[PDB]
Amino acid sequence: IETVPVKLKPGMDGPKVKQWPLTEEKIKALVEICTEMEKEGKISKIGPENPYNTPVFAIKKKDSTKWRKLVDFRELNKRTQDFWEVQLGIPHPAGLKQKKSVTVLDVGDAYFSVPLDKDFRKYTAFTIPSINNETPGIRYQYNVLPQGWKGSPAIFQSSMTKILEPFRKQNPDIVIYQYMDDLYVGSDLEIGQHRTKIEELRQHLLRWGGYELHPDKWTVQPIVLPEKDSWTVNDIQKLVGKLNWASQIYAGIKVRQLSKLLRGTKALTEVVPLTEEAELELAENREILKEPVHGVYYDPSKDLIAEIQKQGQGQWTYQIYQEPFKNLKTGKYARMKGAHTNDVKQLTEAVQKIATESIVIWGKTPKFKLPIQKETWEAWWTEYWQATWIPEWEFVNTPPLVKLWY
């Protein structure tokens, strides 16, 4: 084969990101994986005269107990040329979110049969560390389409359509969406008749080279106001500040007549009887909260953002938007490990589920705003990561003023 010419974006240099420490089991796994890859010519040993580097680590899944090597090419992807500017990018199908059940398959290995442009390989270097720094790091670069590089699905694009044709041929209403190294494959078949055709796809994929998702239950959780029939000054203050915030999202919500029920310098536990003009305002704004907002539409030229709040008892609320206060989706993720004693696990799993939903719904992951200290996240997240992709994220520290989403 002859390679495709690839470029970084104008004025950008390749990645230069330090390797972080790894446990014994992950270092041994990487050493086993890479030496086999080196023997098959998929990677090459390089030295320190290549000035580029990207962190590497490994994950092992809940029901495939072999290690998967994972290279965090987030920085490399950010600097790589667009492939819709070369228009070899993949289109997202609006059918996938409508399906009964969607199974994720890791088809990363198909990339290893296509060589990478000789002049772009240096940008793909990574370094395996050493327990107790017994040796210097050991460095490799790829000779083929790397797992995790955004250009690999685009270059391999024309070929996956060829390998897929007979399947989508024979099953015209199964929908298959490539995202990075993953195939998202949905159908309306019964819970276990769907599974067997997933096995059929595996065999056709094998002839050359997670769990079941249910999009119907991805219930949206809207803003809700409490129901009491005794209401204190404090109850009405917390309700007025909550709707005042929601006035930035919705239209025609007002507070001045719930607002004057508290006129005067009152005690926070005094019980204010509700005006009929207050019940006028309240049952009114309840129903605006009841249905979605009008005028919010997805725009593919802009990025997706996701915000998460810890609510406790293992509940986690989230919003996905592109423009502030124009949420494309609000929701609530629920823990289920059973021990229910680990916030970092719950949050890491919530990020995977939210990002999964974005791929199914819009075709790409959002940039997360994570309610956690950077260094707490960094100490523990990889122990819980199970996806072959990694989303962009930043770290935020905003206390709740309102418990808007609860």
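Just count from 1 along the sequence shown to find any residue number. Basically, rigid core = biggest C-alpha set you can superpose within 1.5 Å across the two forms.
Colleague: Using the rigid core for superposition, please say which stretch has the greater CA deviation in 8 other deposited structures of this protein, 336-344 or 370-378.
Modeller: Farther from the shown form on average in 8 other deposited structures of this protein: 336-344.
Colleague: Do the Cα atoms of 210-218 stray more than those of 169-177 in 8 other deposited structures of this protein, or is it the other way round, with the core held fixed?
Modeller: Higher root mean square deviation of C-alphas in 8 other deposited structures of this protein is shown by 210-218.
Colleague: Counting only residues from the deposited sequence, how many are left out of the model between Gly209 and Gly210 (none, 1 to 3, 4 to 9, 10 or more)?
Modeller: A long stretch, 10 or more residues, is missing between them.
Colleague: Out of 371-379 and 42-50, which stretch has the higher average CA B-factor listed in the record?
Modeller: Mean B over CA atoms: larger for 42-50.
Colleague: Mind pulling up the entry and telling me whether 91-99 or 323-331 has the higher mean Cα temperature factor?
Modeller: According to the PDB entry, the answer is 91-99.
Colleague: Given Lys242, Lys228, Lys302, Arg121, identify the residue with the highest C-alpha B factor in the PDB entry.
Modeller: In this record, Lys228 carries the highest C-alpha B-factor of the candidates.
Colleague: Among the candidates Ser64, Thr365, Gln352, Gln346, give the one with the maximum CA B-factor reported in the record.
Modeller: When the deposited C-alpha B-factors of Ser64, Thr365, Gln352, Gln346 are compared, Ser64 is largest.
Colleague: Just say lowest, middle or highest third for the CA B-factor of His340 relative to the other modelled residues in its chain.
Modeller: Within its chain, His340 is a highest-third residue by C-alpha B-factor, going by the deposited values.
Colleague: Once the chain's modelled residues are ordered by C-alpha B factor and cut into thirds, is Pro273 in the lowest, middle or highest one?
Modeller: For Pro273, whose C-alpha B-factor we compare with every modelled residue in the chain, the answer is the highest third.
Colleague: Ordered by C-alpha B-factor within the chain, which third holds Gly186? Give me lowest, middle or highest, please.
Modeller: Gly186: CA B-factor falls in the middle third of its chain.
Colleague: Name the third of the chain's ranked CA B-factors that contains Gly151, choosing lowest, middle or highest.
Modeller: Middle third of the chain for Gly151's C-alpha B-factor.
Colleague: Taking the chain's C-alpha temperature factors as the reference, tell me which third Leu213 falls into: lowest, middle or highest.
Modeller: Answer is middle: the recorded C-alpha B-factor places it there.
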